[PDB]
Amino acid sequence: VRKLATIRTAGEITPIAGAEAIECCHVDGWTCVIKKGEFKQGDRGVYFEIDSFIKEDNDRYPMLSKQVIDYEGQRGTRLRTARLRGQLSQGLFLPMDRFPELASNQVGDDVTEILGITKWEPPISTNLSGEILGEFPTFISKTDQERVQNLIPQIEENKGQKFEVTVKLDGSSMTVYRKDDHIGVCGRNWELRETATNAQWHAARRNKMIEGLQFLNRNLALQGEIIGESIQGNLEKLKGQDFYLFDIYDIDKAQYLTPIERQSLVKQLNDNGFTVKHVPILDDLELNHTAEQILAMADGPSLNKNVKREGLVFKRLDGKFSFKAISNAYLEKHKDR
């Protein structure tokens, strides 16, 4: 679960053309507007990522008093991508002289819950309670990916290694899995139960991925995104709904398949009449890039090429280091994204 509020170190500090009452401060892979003289490079502070919802507080967060909104009946501020005075800024960075409670906390610490911060998210309508069958399975890994802006040391340790590049689609997360007899279909947090009307099960039925799971006679979790019409506002403008696979979890080994295993097993699935789609795969990447060059690849064509993608996901070919890179152009365009 994401670390929305963390203690980080100030990176390079550069002037902002237009106003000299503010400056640009690099925070790991992010760039955020700070007031001039609030930080100099090497200082510590609390960094709040975008998507953070920060309750109203004119003592601690007066800087936010002109973006206060209603979220779930609570007054507060939602941090987003924005362009203040021409400068792209992401997140909020406040010095530690401002948090006496965290004096003794250190760099890398998660202070999300101590500061009472929650994640703002758009109003997805979950599926209702007659439809849930149980938790999301504990024997299956969840779909979440760390952002490349938070992984600057790992980009340098993984230099020279190679990575599968896939177009990130924005839809609902969906898992279809087999464990012994049980074949279940899960949303993002709940295992749902068999229905014709249901959109997740409808996707499992027309792709025939359940019969493919019994054909392979293995306890595997197929994890992918479901997109199309009536879906996530349908950025991709696709007719109908469909599942696009991006990961396969080996339940027995509690570990993800390599990109090549996943690629050949989808082929094996398709070589036997089970038509399961994959998120668009791009050319593999030999890593020798910086966080801004990876973000620079993030923008580009989506599945629908007259729509530009949410971003990229990178998976090392041993299958145990992966990260995402969201196009900031996309985030500038969409207001609740």
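The numbering used is simple: start at 1 and walk along the sequence shown.
Higher mean CA temperature factor between 324-332 and 16-24: 16-24, per the PDB entry.
Stretches compared: 88-96, 180-188. Higher mean C-alpha B-factor in the entry: 180-188. Across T175, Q149, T77, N127, the greatest Cα temperature factor reported in the deposited entry is at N127. Note on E164, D247, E194, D110: the highest value goes to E194, judged by CA B factor as recorded. Sort the chain's modelled residues by C-alpha temperature factor and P259 lands in the middle third, per the entry. Placement of the Cα temperature factor of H289 within the chain: highest third of the modelled residues, per the deposited record. When the modelled residues of the chain are ordered by their C-alpha B factor, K36 lands in the highest third. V266 sits in the lowest third of its chain by CA B factor, as recorded in the PDB entry. Sorting the modelled residues of the chain by their CA temperature factor places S104 in the highest third.
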